[PDB]
Amino acid sequence: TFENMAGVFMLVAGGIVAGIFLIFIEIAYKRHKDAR
Amino acid sequence: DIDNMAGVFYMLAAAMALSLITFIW
Amino acid sequence: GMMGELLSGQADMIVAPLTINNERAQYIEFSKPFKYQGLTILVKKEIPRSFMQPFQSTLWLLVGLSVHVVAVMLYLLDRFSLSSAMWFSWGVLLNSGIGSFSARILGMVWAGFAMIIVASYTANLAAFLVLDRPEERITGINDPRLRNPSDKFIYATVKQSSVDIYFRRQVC
Amino acid sequence: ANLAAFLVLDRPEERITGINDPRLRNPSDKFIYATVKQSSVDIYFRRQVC
Amino acid sequence: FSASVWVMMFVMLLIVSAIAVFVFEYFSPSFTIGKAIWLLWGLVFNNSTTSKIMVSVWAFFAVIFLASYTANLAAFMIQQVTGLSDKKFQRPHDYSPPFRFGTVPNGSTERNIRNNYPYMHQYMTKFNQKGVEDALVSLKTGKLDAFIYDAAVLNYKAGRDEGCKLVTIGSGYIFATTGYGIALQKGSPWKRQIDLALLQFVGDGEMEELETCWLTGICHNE
Amino acid sequence: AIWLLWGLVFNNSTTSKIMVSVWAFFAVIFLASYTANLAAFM
Ligand SMILES: Nc1c2ccccc2[nH+]c2ccccc12
Ligand SMILES: *[C@@H]1O[C@H](CO)[C@@H](O)[C@H](O)[C@H]1NC(C)=O
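Counting starts from 1 on each chain and goes along its sequence as written, which need not follow the entry numbering; residues with no coordinates are hidden. Whichever chain is written first becomes A and whichever ligand is written first becomes 1, with later ones labelled in order. Note that these chains sit within a larger assembly, yet all values were taken from the shown part only. Each side-chain value is derived from all of the structure's non-hydrogen atoms; neither hydrogens nor water enter the calculation. Residues with missing side-chain atoms are left out of burial classes, side-chain pairs and their counts.

Explain the overall build of chain F to me, please; I cannot follow it from the model alone.
Secondary structure elements are taken from DSSP: a helix is a run of H or I of four residues or more, a strand is a run of E of two residues or more, and numbering for both begins at the N terminus. Regarding its fold elements, chain F presents two helices and zero strands. Judged by the C-alpha coordinates and their principal axes, chain F covers about 40 × 15 × 15 Å. Each of the 42 residues in chain F was classed as buried or not, and the buried ones make up 17%. Throughout, the Shrake-Rupley method with a 1.4 Å probe supplies accessible areas, and for residues the shown protein chains are the sole cover considered. Accessible surface, chain F: about 3200 Å² in total, of which carbon and sulfur atoms supply 76%. For every residue, the accessible area obtained with a 1.4 Å probe (protein chains only) is divided by the maximum for its type, and the residue is called buried under 20%, exposed over 50%, and partly exposed between those limits.

I tried to follow the side chain of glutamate 110 of chain E on my own but got confused; where do I start?
Examined against the element boundaries, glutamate 110 of chain E turns out to sit in helix 5 (residues 109-113). All tallies of charge rest on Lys and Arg as positive and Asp and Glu as negative; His and the ends of each chain are not included. We define a salt bridge as a contact between a side-chain nitrogen of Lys or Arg and a carboxyl oxygen of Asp or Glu at a distance within 4 Å. It is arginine 114 of chain E that comes nearest to the buried, bridge-free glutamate 110 of chain E among opposite-charge side chains, at 7.1 Å.

It is not clear to me how the interface of chain C and chain E should be interpreted in this structure. Could you clarify?
Buried accessible area, meaning the area lost when the parts come together, often serves as the stated size of an interface. Only heavy atoms matter for contacts: two residues are in contact if any of them lie within 4.5 Å across the pair. Counting residues at the interface gives 19 residues for chain C and 25 residues for chain E. Counting each side, the surface lost to burial between chain C and chain E is near 1800 Å², with a carbon and sulfur contribution of 66%. When two parts are brought into contact, each loses some accessible area as probed by a 1.4 Å sphere; the total of that loss over both is the buried area. It is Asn22, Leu94 and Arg169 of chain C in chain C that bury the most area against chain E; as a group they hold 26% of the surface buried on that side. Two N or O atoms count as a polar contact when they lie within 3.5 Å, although within protein this holds only if one can serve as hydrogen donor and the other as acceptor, and sequence-adjacent residues are included solely when both atoms are side-chain atoms. The interface formed by chain C and chain E holds one residue pair in polar contact in total. Looking at the side of chain C that touches chain E, the elements that each hand over two or more residues are helix 2 (22-27), helix 4 (83-94) and helix 5 (101-130) of chain C. Broken down by element, the residue count for the side of chain C that touches chain E peaks at seven residues, all from helix 5 of chain C.

Could you clarify how one ought to interpret the UniProt feature "disulfide bond" in chain E in this entry?
Residue and element names in this part refer to chain E. Counting rule for disulfides: a pair of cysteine sulfur atoms within 2.5 Å. UniProt positions are given in the numbering used here, feature names are shortened, and annotations may be inferred rather than shown by experiment. Inspection of the UniProt-annotated bridge between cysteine 164 and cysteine 219 gives a sulfur distance of 2.0 Å, within the under-2.5 Å criterion for a formed disulfide. Placement of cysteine 164 in the loop between helix 8 (151-160) and helix 9 (194-204) and of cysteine 219 in the segment after helix 10 (208-214) is noted, with a sequence separation of 55 residues between them. Residue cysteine 164 is classed as partly exposed on the basis of its relative accessible area, which comes to 37%.

Just to check I follow, could you spell out the state of the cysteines for this structure?
As used in these notes, a disulfide is a covalent bond between sulfur atoms, one from each of two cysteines. This model, assessed by the stated rule, comprises two disulfides over all chains. The side chain of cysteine 50 of chain D participates in a disulfide bridge whose partner is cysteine 213 of chain E; the two sulfur atoms lie 2.0 Å from each other. Measuring the twist about the S-S bond at about -90 degrees, one finds the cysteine 50 of chain D-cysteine 213 of chain E disulfide to be left-handed. You can see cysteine 50 of chain D sitting in the segment after helix 3 (40-46) and its partner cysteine 213 of chain E sitting in helix 10, one on each of two chains. Assessed through its relative accessible area of 15%, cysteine 213 of chain E is described here as buried. A sulfur-sulfur separation of 2.0 Å characterises the disulfide bridge that pairs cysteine 164 of chain E with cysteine 219 of chain E. Disulfide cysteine 164 of chain E-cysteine 219 of chain E: torsion about the S-S bond near -90 degrees, hence left-handed. In this structure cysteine 219 of chain E comes out as partly exposed when scored by relative accessible area, which is 31%.

So what exactly am I meant to see when it comes to the nonpolar core here?
General note: in soluble globular proteins, nonpolar side chains tend to be found buried as a group. If you look at the biggest cluster of nonpolar residues, it comprises 14 residues, and the most contacted ones within it are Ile20 of chain A together with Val23, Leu43, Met54 and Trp58 of chain E. Elements represented by at least two residues in this core include exactly helix 1 (3-34) of chain A together with helix 1 (5-26), helix 2 (32-44) and helix 3 (50-76) of chain E. In this structure, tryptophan 58 of chain E is in contact with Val16, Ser17, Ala20, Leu40 and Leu43 of chain E, ignoring residues within four places of it in sequence. Here, the term nonpolar core denotes a set of buried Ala, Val, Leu, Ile, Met, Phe, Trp, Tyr and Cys residues that are joined through side-chain atoms within 4.5 Å. The next biggest cluster of nonpolar side chains, apart from the first, holds seven residues, and it includes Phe89, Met120, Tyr123 and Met124 of chain E.

Is there a simple way to think about the pattern of salt bridges in this case?
Note that side chains of opposite charge can pair when their charged atoms are close. Within the structure shown, the criterion is met by six salt bridges over all chains. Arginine 137 of chain C serves as the salt-bridge partner of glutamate 46 of chain C, at 3.9 Å between the closest nitrogen and oxygen. Since its relative accessible area comes to 36%, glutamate 46 of chain C is described here as partly exposed. Across the pair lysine 87 of chain E and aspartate 94 of chain E runs a salt bridge whose closest N-O atoms are separated by 3.8 Å. Classification of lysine 87 of chain E by relative accessible area gives partly exposed; the value is 38%. Relative accessible area serves as the criterion here: at 53%, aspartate 94 of chain E is assigned to the exposed category.

Got a minute to help me understand the environment of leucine 31 of chain F in this structure?
Residue and element names in this part refer to chain F. Checked against the element boundaries, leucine 31 lands in helix 2 (residues 15-41). Since its relative accessible area comes to 24%, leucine 31 is described here as partly exposed. Sequence separation between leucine 31 and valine 20 is eleven residues, and the spatial gap between their C-alpha atoms is 16 Å.

Explanation requested: the site of ligand 2 in the structure shown.
Residues and elements named next belong to chain E. For this purpose, a residue is taken to be near a molecule or strand whenever a single non-hydrogen atom of the residue falls within 4 Å of it. In the neighbourhood of ligand 2, the contacting residues comprise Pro105, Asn106, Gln129 and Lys130. Contact distances for ligand 2 include 2.4 Å between an oxygen atom and a side-chain N or O atom of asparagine 106. In the complex, the protein chains occlude 32% of the 360 Å² of accessible area that ligand 2 would expose alone. Three classes are used, and their members are as follows: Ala, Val, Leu, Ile, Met, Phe, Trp, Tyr, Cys and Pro are nonpolar, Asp, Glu, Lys and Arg are charged, and the others, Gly among them, are polar. The class makeup of the residues in the shell around ligand 2 is one nonpolar, two polar and one charged.

Sorry, what's going on with the packing of aromatic side chains here?
Two aromatic rings are characterised by how far apart their centres lie and by the angle between their planes. Residue and element names in this part refer to chain E. Two aromatic rings from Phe, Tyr or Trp, using only the six-membered ring of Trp, form a pair when their centres are within 6.5 Å; if the ring planes differ by under 30 degrees the pair is stacked, by over 60 it is edge-to-face, and anything between is tilted. Applying the stated criterion to the full structure yields 14 aromatic pairs over all chains. With a centroid separation of 5.4 Å and an interplanar angle of 15 degrees, the aromatic rings of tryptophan 41 and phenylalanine 45 are classed as stacked. Overall, the relative accessible area of 45% leaves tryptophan 41 in the partly exposed class. A relative accessible area of 41% places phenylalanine 45 in the partly exposed class. Between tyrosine 123 and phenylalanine 127, the ring centres sit 5.9 Å apart and the planes meet at 45 degrees, which makes this aromatic pair tilted.

Looking at this structure, I do not really get helix 1 (residues 2-24) of chain B. What am I missing?
Residues that lie three or four places apart on an α-helix share one face, since the helix turns once every 3.6 residues. A helix is expected to span 1.5 Å for every residue after the first. In this model, helix 1 of chain B (23 residues) spans 33 Å end to end at C-alpha, consistent with the 33 Å of a helix rising 1.5 Å per residue. Those residues of helix 1 of chain B that fall on the buried side of the exposure criterion are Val8, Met11, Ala15, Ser19 and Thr22 of chain B. In this fold, the buried residues of helix 1 of chain B make contact with helix 3 (58-80) and helix 5 of chain C. Here helix 1 of chain B starts with a cap whose side-chain oxygen sits 3.3 Å from the backbone nitrogen of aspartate 3 of chain B, and that cap is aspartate 1 of chain B.

When you look at the arrangement of the chains in this model, what are you seeing that I'm missing?
Counting contacts across all eight pairs of chains that touch, the top pair turns out to be chains C and E. A gap remains between chain C and chain D, which never touch, and the nearest two C-alpha atoms on either side lie 12 Å apart. For the non-touching pair chain B and chain E, the nearest C-alpha separation works out to 18 Å.

Can you help me understand a negative patch on the surface in this one?
Residue and element names in this part refer to chain E. The patch calculation keeps residues exceeding 30% relative accessible area without a salt bridge and links them within 9 Å when they carry like charges or within 5 Å when they are nonpolar (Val, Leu, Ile, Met, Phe, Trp, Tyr). Here the site of a charge means NZ on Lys, CZ on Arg, CG on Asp, or CD on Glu. On the surface, a cluster of negative charge is made up of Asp204, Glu206, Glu208, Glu209 and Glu211. The element best represented in the negative patch is helix 10, accounting for three residues. Topologically, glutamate 206 is positioned in the loop between helix 9 and helix 10.

Okay, structure coming up:
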């Protein structure tokens, strides 16, 4: 509807994207460290 | 709200009492 | 103005919206009105924008630390008598269904905490949505907000029209 | 939604608001109300233009 | 509530679901095709490690969205002829139940409505009454469909009607927003005083109490 | 028994199956009534 929903939806989408991007490399580095 | 804080902290005492009871038993 | 122009002979008939007044009728006779319509108050309409994240942050920090501390302390208690612990806590937060005596009481207290926090969140959302900024800024001449001539809210008539006469013809 | 609406819109105790209340104006036989005696309520009622 | 924003919310849900299923498929290093959809619906629904965190936070967002939707619905749930320009009056024969209305012979309403649509006056001549009380009785007993008369008296009767079963069609739809006035005499020297007195009374506002204690429309709902 | 009893009452937690299901429905009704009462109170 108005900004009350659009803004929070955009913030949630951006947080999802950033979290996925960070967690992918974090898990990759953690697995590399565990199995070196 | 201040009332909500008190309401949510009321159950914390019961939870910690149960934790102490199950730890000592 | 127009009334003086009419009285001076510069006009013979006025076809325009002209409020009927006693002072005007004392010098210029009027005809039957087209329709009856009073005067109201015009105020710009604003859409509120306030979304519950900015409402509180201290409660979010408190719950975020509380979940971790209770999870670690209860896992330590269970071990006596990590990644797996935090995964289990997140799964229970998502759905209470899982997918010696310490486990039962832990589940009961955590489900009660989740229920009370979600109920409080829903109640706050509903209250703040039904009690948002209202478009009601005035109700009439007797509205208290109209009475105070505060500099914060500035409002006045456009000219010396019938509104001015009505204001001048009031006892209070 | 139905539960919430029917709970917030239940029977209200508000039956009158004053002399100008429309429900007081109608002398309908369904709602019967009168003064006890000829006290000052009667004088106030008699001393009204309408 | 679902006229225009429904399409936007549906397309947003579709695109976020597509993004979620794509990233879940890319999170392969059980079956992606047979578990991603189930998990996506389960997190959104109330009772249905890279993927776990995003699934949990999206479930929390879905719970927030459901709470907001319930609050919006709660806020929302708070809250026939339309004048003479309808075909019901002009064409009563097109309907199986014949239309019947009341009027006053040797009155003013019939003389006002005979000028426009004379067929309406001819039809009304068959159905005639002799008082407002007869119209009220007919409306209470259902013997009359609608009644046409002066706006003020009709509104007063509707307000004081028992059960509020008699109402008009909106407000401000009066065909001729006329008045009553004072019947003077041709050439009488009172047009210089009566009008001034009436205007002074209107300006000073001495009619509010009269209209509150003499009209007092009971049937008011909000 | 305790786990099923809590699960039916909670939102997201053949003689016994029918009674458990109907009691879960009753618990949902009770939760809805409690939420409505809180909304009226606030
Ligand atoms: N005067 C009003 C109220 C007075 C007391 C309690 C609730 C009310 N709700 C209203 C809602 C709409 C208009 C007037 C309202
Ligand atoms: C006009 O008709 C009405 C019928 O309602 C009747 O009461 C009245 O006496 C009539 N007037 C004349 C002048 O015939």
